[PDB]
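# From the sequence below, what's the structure:
(chains A, B, C, D, E and F, ligands or ions: 6)
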Amino acid sequence: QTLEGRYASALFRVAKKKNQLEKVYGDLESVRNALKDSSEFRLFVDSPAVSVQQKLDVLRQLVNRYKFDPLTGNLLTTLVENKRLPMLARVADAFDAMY
Amino acid sequence: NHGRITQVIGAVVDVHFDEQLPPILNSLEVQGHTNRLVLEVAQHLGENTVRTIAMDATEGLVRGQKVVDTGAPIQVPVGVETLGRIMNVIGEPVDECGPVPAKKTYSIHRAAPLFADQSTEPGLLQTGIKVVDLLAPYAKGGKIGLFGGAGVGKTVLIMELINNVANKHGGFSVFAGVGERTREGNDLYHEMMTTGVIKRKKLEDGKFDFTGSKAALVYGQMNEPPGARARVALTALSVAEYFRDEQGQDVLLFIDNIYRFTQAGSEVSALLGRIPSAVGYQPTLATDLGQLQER
Amino acid sequence: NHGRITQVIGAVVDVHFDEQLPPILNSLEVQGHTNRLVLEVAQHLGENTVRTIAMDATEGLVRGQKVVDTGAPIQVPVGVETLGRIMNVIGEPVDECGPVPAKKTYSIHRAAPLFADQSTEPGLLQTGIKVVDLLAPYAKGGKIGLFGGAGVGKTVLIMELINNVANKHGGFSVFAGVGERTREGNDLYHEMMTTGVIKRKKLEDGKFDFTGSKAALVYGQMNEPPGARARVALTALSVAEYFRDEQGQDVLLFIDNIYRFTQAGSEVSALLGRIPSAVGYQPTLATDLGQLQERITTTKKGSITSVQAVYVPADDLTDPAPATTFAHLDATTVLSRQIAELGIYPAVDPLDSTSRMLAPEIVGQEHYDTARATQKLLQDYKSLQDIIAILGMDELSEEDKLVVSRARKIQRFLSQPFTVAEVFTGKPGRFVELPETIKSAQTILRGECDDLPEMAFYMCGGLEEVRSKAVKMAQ
Amino acid sequence: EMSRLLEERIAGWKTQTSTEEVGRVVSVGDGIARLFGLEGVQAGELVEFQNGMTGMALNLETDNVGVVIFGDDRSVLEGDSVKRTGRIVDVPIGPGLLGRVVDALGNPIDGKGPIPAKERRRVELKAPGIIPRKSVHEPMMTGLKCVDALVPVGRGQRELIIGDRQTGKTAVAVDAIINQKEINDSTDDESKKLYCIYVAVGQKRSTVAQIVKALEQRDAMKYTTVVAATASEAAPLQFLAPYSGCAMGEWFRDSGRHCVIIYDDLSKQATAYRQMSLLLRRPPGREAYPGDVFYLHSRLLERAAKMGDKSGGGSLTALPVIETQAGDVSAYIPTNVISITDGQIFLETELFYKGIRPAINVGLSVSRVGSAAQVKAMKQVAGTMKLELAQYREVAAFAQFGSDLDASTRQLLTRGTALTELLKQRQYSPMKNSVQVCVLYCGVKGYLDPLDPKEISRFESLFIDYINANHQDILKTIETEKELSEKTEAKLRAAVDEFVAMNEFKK
Amino acid sequence: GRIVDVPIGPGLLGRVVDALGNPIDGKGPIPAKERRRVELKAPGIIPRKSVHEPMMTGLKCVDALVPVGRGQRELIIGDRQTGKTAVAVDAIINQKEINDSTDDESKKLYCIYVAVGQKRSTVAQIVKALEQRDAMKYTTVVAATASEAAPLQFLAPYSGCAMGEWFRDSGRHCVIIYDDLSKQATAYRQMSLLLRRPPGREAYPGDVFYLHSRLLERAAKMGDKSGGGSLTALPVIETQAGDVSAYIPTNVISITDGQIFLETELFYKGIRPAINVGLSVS
Amino acid sequence: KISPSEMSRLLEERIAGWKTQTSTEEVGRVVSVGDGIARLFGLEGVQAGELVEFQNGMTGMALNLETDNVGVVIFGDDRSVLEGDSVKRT
Ligand SMILES: Nc1ncnc2c1ncn2[C@@H]1O[C@H](COP(=O)(O)OP(=O)(O)OP(=O)(O)O)[C@@H](O)[C@H]1O
Ligand SMILES: Nc1ncnc2c1ncn2[C@@H]1O[C@H](COP(=O)(O)OP(=O)(O)OP(=O)(O)O)[C@@H](O)[C@H]1O
Ligand SMILES: Nc1ncnc2c1ncn2[C@@H]1O[C@H](COP(=O)(O)OP(=O)(O)O)[C@@H](O)[C@H]1O
Ligand SMILES: [Mg+2]
Ligand SMILES: [Mg+2]
Ligand SMILES: [Mg+2]
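Residues are numbered from 1 along each chain as shown, chains lettered A, B, ... in the order given. Ligands and ions are numbered 1, 2, ... in the order given. Have a look at this structure:
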């Protein structure tokens, strides 16, 4: 329904369909834990001083430096393209609320 | 800078830049179509996006079209070379006589004179007309209402004021047409060329030699969009401020019509989505009229 | 329970609680602040978030400050200890005489009395004013309205009613100042200390003894935010409800102006996220007023007489505020600027004014008949204003000329010099009983005073003064 | 945990973390700005932008901060850095502003140097209460006959100067300012001296310059400071300037010094507030004005007060000015202000076009304070003058029939016409109180009834010069005793007789 | 699962109840077993007939120059303090003689007084005036006062129409009076604005016409097959400055079978009731 | 508040790494219809005041270019047009 609901439903569908579920689930859980523990990733998401290019670059570096599937990377690129990165944590809860 | 158009809503163009946004009131030149299009910034919105009012028509524009930032507001030329010519809000001439070869350019958005640089001694203006100097004496630095339409002899009064102030006080004059009828502008131009207020002498090669004249013209045509009709009086006002400051001589400014300027401001405020005031007018009415009249 | 301020918009504060929410109308105290800022809950918004209206200025608040829930709504003290003492909306005294040592406190918000607990017994008041005693008799135990613009004499009329009623009352009384000038508040305080309505005494040890007082005071004035103006009348109503419930004694409540209370809502609802109504007023313009007025009512326990001054912006009686307020009143008094420009004071328009206690089953048939004859006369005079202005009195017949004479005479005769006006008028006050008014009106209507001039009825009270003034004017 | 990654890629991430004292602009437009950051910012706090421009932290949303810019929206860009000054909006006060023109925020413009600083009293403070306040019991010498006589202005009062444009409002203000020179120079004690403040809001800059020049000519800037927020200036500054002037006067009020503040015109301030409100997308009301206009003017005016014996004893008058449209005072803003003030001074265009200047009507002009704001010497005369003018106003409907009318009516018309021609005054020519008393004593004793109306002007002037040459003792006795005893009254009658004897007039 | 409904029957007669049938007289509950839905479809074109029986108002100008029938919907429109509630209460009081001198329910006229926006003091005064004349054994009252929330003021007239439809369909004539309807419109505006619905003219919705049409079209004169009952309506409207060019008066004038205008000039000239027999029609 | 790109048929493509953006600047898909107005997603390249053509032969004028959609006025009735239709530039 909601924005995070839309993104979570799309990810749930595409994860149940093609790739996996446990991989993306653990990825979202790790991301949420990093958001709630680092205390700077949250500000990196919320701050507007960070350019879209720097955002995408940091996201791809996080992709490479961690166990990461391309579906979550496309999700993050989409949320950046639509100015919905602050809705990451909420979206994660939806992906955790489907369990 | 270089940016891209993100959307077009009639005469309201929203543009995107990658870095170093332009300040407000700056000018932006569109690249990729004829009929040179100038955009005046009016509002920042976020996402490195700005909103702009167009000085001309927006038909034929495309999203992603490239835009350049001039780095300063609309810059009108100034000098004794602007005498006898006609000019639009963006300084370009519309008299089909060549370009204005001026050695200077002034912004149309200039801060008013301060409290210190202002004269406390008022003084009349020796026109040379009996009824005026007797029963309704004018003043320097003043603003004179002229309640009268056509069929009364207004244009001849205008030309007489110009000629008499140029002869005696040695000061030039300026005429601004704020959304005037075009045939009226042609009639005024021909009447000026006839009465000697303008001296358009042909040259051998085919150019013109605007010798000692007594008035510049700045026409904002009725067919022009809102944004142009609202920024015409400032153009003529800067052209006159040039003579005031460096030349140091008294000048006469004629605006025909002040109300039309108010209408243009109200329209521009309605396009940008600002909530109108009491009688439909904009909420920036007195402020804009003061930004104008305090100069 | 502790909470955090998340958002601040002028006189509105959105707070966030973690564990448990407070109900609506509950009071919240901000801790990291100079004064005692109190917040009244108004809404719930989800995410354990709450919206509140501030009873004082929000300058100095921070997104992160701590807030404490008191667990109950605003509590105002009650008793005979509030008498002879000023108290703001949160009960804090601003009289500079000590604290209020009252035992019991009532909530600002109370449900109105029920249908069965009402007693509509018709009585009358002795105001001493000719116009209201004749054409708009005031009802003992009912609501009374004084409608007018700015500069027509509402405050002077309320002060006159205070001098002519409250001092001769015996029971208790209350005055609520809702968006009025602080100057007149101090003036009323000192006039009350003068007339003995407030009996202040300074003990040797700095304490005070207000024993003997018969009037409380509640003041939320123009120098206050809207939240501290939309909750003052409720404070005064609690203070009066205590008297007419437990004490069981008649009380007089005076409100200046009630319109300010609605105005505060107008400058609040925009911030609470509500769609505006016709003239920017609230959609809650009627319930927020009816919930205030229905608490004012005579019951089987006691009685509240009320005298409310109702502002009328731009002299427009079709405004939603006075239009709604008209439905809640038992007696009405509409002041006019057109009549004040003629020097007539009180500038009461006797045709727009009306009442429910004018029927012959309450007042006699001589009173009723005199009032109705006077109204007919004044309406017949009003009907000729256009033709007099255009053409002139000469076009009129003789009956119409007699009508015009008697109408001007009875207009000028319904003009009384009050006692409180002596400071800017000089002429002494004139209390007037009802039978003298009725006899004078009967004589003027019959034709026993056509010989007299027109300027002999101006500020004279009875008729003996009119005849003496005509004698002195013959010279 | 992962901060090294952001520090490596963003190249400067560690500095943008502390959003508690530094913020970043996001949007700009219509005088409003949005900031991200400044979590520890107070409401009403002053904020400093990158290019020296300033603003007020108006709204504290959940994440963003809505700011009002004290300037034009061209010195503020999206991306600019924003700091905290750490204090609420404040202005300087005390001695040091005297003789200095300043903007709304205490920044000078007359080009004479910087200004010293107290602890910088705040702007939107709360007014006093009921106990420390006191009733008005002493006057404010304005220097106008009609005002000082019939519409007396007290010291601790709020009287309104209301009238259409081009009627002599600023003239009344500047005369009130100028009349205080002799009273101030002759005392050297700040308890009796009266300073002043003149706040211009939306007024033309040329007029302010002319006023300052006229005050400097007459040495009336040793004790005045001017606060200019003109039409070219932004709307927030017009909205402020009244509050800044009142904050400057609160120093005199609390100290025990007496000050008078003049507002030119308040309606302009209301218009500026309407602008700022409509640009914040707020819902309009009557004439598009919001509901917070009454609160604006009432916040402003309730500070004018006469403090008590225990709060120092100071005072603060206020002579707000309002421009109507076709004399309509049944409008919204005039009625909003009439409900706030303690009086009213009306001005008409008919009387101003005829020639009657000052065009102060007297049936509509009122004053709640009244005689308490007068001395006994002026009471004894102004009572009779007010009564006679009331009679004249009553019986002027049938003035053309004066031949058909009795001698009483003709005498009333003659006395009223003489008084009406006596209330007239020139521009920048006030009068002392004793001189006013003497002139009105001459007037209300039939010495002007036979005299022709047009002569009454020069008569007055001559009479003044006479009493400034020989009868200075009478003037000092009136100024000291503040009363017209029988001895001074007889002396004055003898002087008037000698004057009418030694001088010739048309009748 | 229940749609909002109210009780109906003769148990309401002599009782004062709120918008939902809950009593407020303070004497006992409501003995009624059958309920009725509040919002309902009005009766169609076929189960109706022309108006032929009169509704004796007790007044002279009304009964003579502005007659009223049984099955009619006649508006009582005027300014404040002009004699509208008095007209309605006289109409109620005139029926006690007609009802006492019979035991045929087909000829008796029962009455319903709906008080929207009024204060409880006024409703108590009206109840007292009716009890003083024994005019309550055939009336009931539905009090949705000012302290009562907006939804009750919005629902009270429909509750009264539901209570009267029992008489209409049972073959017993009834007359229902709405005091004032405009107050109901104001309550509806409040509810709709607080539900974030968008406004229209004078901040009202567009559904005000539907609101009053829904309400007044339920008044009808049924045929001999549907019993032959009736439900007369006498709504009341308060205009401001006599402006019947406003939005609510215009609608309710265009959906009624008559008008009884009341003026203040005539009220003070001596004409009481202040019925302007020119504008008033039937 | 949702964008045409945020509907739950395209995000199933973006999330799946589908990069089938080869749909030219000429072709777009109708997103909304009503009262003689249509709102499209695509046509990044259409000029203001330009004519566009629908599946069923009807034509319209593009007036309100926006960052996420394109506003079109129809030279006919809306019964012909329905959500999901294709639009091409002339
Ligand atoms: N006593 C007076 N005698 C002669 N002229 C006067 C007098 N008082 C005022 N004036 C003249 O009236 C004119 C207007 O003066 P002033 O500026 O004080 O009026 P105003 O109401 O403030 O006009 P504005 O609306 O522009 O502010 C001036 O030319 C002034 O000389
Ligand atoms: N026939 C009548 N004769 C004399 N007086 C009447 C008559 N009818 C009504 N009145 C008087 O008119 C006044 C108003 O009564 P009523 O209750 O009818 O007011 P209204 O028209 O319903 O307006 P509102 O209820 O809003 O105040 C009362 O004083 C009443 O005595
Ligand atoms: N009886 C009266 N006699 C003389 N003047 C009056 C009288 N009543 C009112 N006024 C004048 O009208 C003004 C009304 O002010 P106020 O008493 O505060 O009424 P309001 O509250 O309606 O503004 C007073 O200043 C006074 O000069
Ligand atoms: Mg008052
Ligand atoms: Mg002025
Ligand atoms: Mg009624």
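# who are the neighbours in contact with residue D:432?
Under the criterion of C-beta atoms under 8 Å, 6 or more residues apart in numbering or on different chains, the contact partners of residue D:432 comprise D:141, D:143, D:179, D:182, D:475, D:479. The way it works is simple: take the backbone N, C-alpha and C, and place the C-beta from them, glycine included.
# Ok, residue D:291 next?
If a contact means C-beta under 8 Å, 6+ apart, then residue D:291 has C:263, C:266-267, C:270, C:280, D:285 as its contacts.
# among the contacts of residue D:432, which ones are buried?
For the contacts of residue D:432, a burial check counting by 16 or more other C-beta atoms under 10 Å in any protein chain shown picks out D:141, D:143, D:179, D:475, D:479.
# what's the neighbour count on the residue of the stretch 301-450 of chain D found nearest ligand 2?
Shortest the stretch 301-450 of chain D-to-ligand 2 distance, computed as C-beta to the nearest ligand atom: residue-wise this is residue D:330, at 26.1 Å. Under the neighbour criterion other C-beta atoms under 10 Å in any protein chain shown, residue D:330 is assigned a count of 16.
# Do I have it right that it meets residue C:149?
Yes - look at residue D:330 against residue C:149 with C-beta atoms under 8 Å: they come within range, at 7.1 Å.
# thinking again about what came up before, now the nearest residue to the residue of the stretch 301-450 of chain D closest to ligand 2 once chain neighbours are set aside: how far from chain A?
Here the nearest residue to residue D:330 in space, its sequence neighbours aside, is residue C:315; by C-beta to C-beta, 6 or more residues apart in numbering or on different chains that works out to 4.8 Å. Residue C:315 sits 51 Å away from chain A, taking C-beta to the nearest C-beta, to the nearest Å as the criterion.
# Around chain B, which positions in chain F sit nearby?
Applying C-beta under 8 Å from any C-beta of the partner chain, one finds that chain F approaches chain B through F:44-49, F:63-67.
# again with chain A
Contact residues of chain A with respect to chain B, defined by C-beta under 8 Å from any C-beta, are listed as A:48, A:83.
# name the element the most centrally placed residue in chain F belongs to?
The residue at the geometric middle of chain F, judged as the C-alpha nearest the mean C-alpha position with C-alpha atoms, centre = their mean, is residue F:40 (2.3 Å). Here residue F:40 sits within strand F:37-42, counting by DSSP states H and E.
# Contacts made by that strand with the rest, please.
Residues contacting strand F:37-42 (C-beta under 8 Å, 6+ apart): F:4-5, F:23, F:25, F:27-33, F:52, F:60, F:68-74, F:78, F:81, F:87.
# Give the pairing partners of whatever helix or strand comes next after that strand; include direction for each.
Stepping forward along the backbone from strand F:37-42, the first helix or strand reached (DSSP H and E) is strand F:51-54. Here the strand partners of strand F:51-54, with direction, are listed using DSSP bridges: strand F:59-65 (antiparallel), strand F:86-89 (antiparallel).
# possible to save the ones you listed as CSV with mean neighbour count?
Below are those laid out as CSV (neighbours: other C-beta atoms under 10 Å in any protein chain shown):
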stretch, mean neighbour count
strand F:59-65, 19
strand F:86-89, 18
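# I'd like those strands as JSON lines, with distance to residue D:45 appended.
As requested, the strands paired with strand F:51-54 are exported to JSON lines (distance: least, C-beta to C-beta, whole Å):
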{"stretch": "strand F:59-65", "distance to residue D:45": "41"}
{"stretch": "strand F:86-89", "distance to residue D:45": "52"}
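# Residue D:387 is nearest to which of those strands?
When the strands paired with strand F:51-54 are ranked by distance to residue D:387, counting by C-beta to C-beta, first place goes to strand F:59-65 at 72.8 Å.
# Downstream of that closest one, the next helix or strand is which one?
Past strand F:59-65, further along toward the C-terminus, the next helix or strand under DSSP H and E is strand F:70-74.
# Contacts for the host helix or strand of residue D:438 next, please.
In this structure, residue D:438 sits in helix D:433-443 according to DSSP H and E. Contacts of helix D:433-443 from elsewhere in the structure, counted by C-beta under 8 Å, 6+ apart, are D:141, D:145, D:148-149, D:375, D:377-378, D:381-382, D:385, D:418-419, D:422, D:431, D:448, D:460, D:463-464, D:467, D:474-475, D:478-479, D:484, D:489, D:492, D:496.
# can we see that at 7 Å?
Taking C-beta atoms under 7 Å, 6 or more residues apart in numbering or on different chains as the criterion, the residues outside helix D:433-443 that touch it are D:141, D:145, D:148-149, D:375, D:377-378, D:381, D:385, D:418-419, D:422, D:448, D:460, D:463-464, D:467, D:475, D:478-479, D:484, D:492, D:496.
# Who are the contact partners of the closest residue to residue D:308 other than its chain neighbours?
Closest residue to residue D:308 apart from its sequence neighbours, by C-beta to C-beta, 6+ apart: residue D:134 at 4.5 Å. For residue D:134, the contacting residues are D:306-308, taking C-beta under 7 Å, 6+ apart as the criterion.
# all helices for the stretch 1-150 of chain D, in order.
D:3-10, D:145-150 (DSSP state H, counting those that start in this stretch).
# Let me know whether the shortest one sits next to chain C.
Read it as helix D:145-150. No - Helix D:145-150 lies out of reach of chain C by C-beta under 7 Å from any C-beta of the partner chain, never closer than 11.5 Å.
# Flag every buried residue along that helix.
D:145-150.
# What is the nearest of those residues to chain E?
When the buried residues of helix D:145-150 are compared for distance to chain E (C-beta to the nearest C-beta), residue D:150 comes out closest, at 37.8 Å.
# from what I can see that closest one touches residue D:363, true?
No - counting by C-beta atoms under 7 Å, residue D:150 does not reach residue D:363; the two are 10.2 Å apart.
# sorry, back to before: out of the contacts of residue D:291, what pair is the most spread apart?
In terms of C-beta to C-beta, the contacts of residue D:291 reach their longest pairwise distance at C:263 and C:270, which sit 12.4 Å apart.
# For chain A, what's its nearest residue on chain F.
Of the residues in chain F, the one nearest chain A is residue F:11, at a distance of 4.2 Å by C-beta to the nearest C-beta.
# okay, now residue 72: neighbour count?
In the absence of a named chain, this looks at chain A. Other residues within reach of residue A:72 by the criterion other C-beta under 10 Å amount to 22.
# not what I meant, chain D
Neighbour count for residue D:72, taken as other C-beta under 10 Å: 18.
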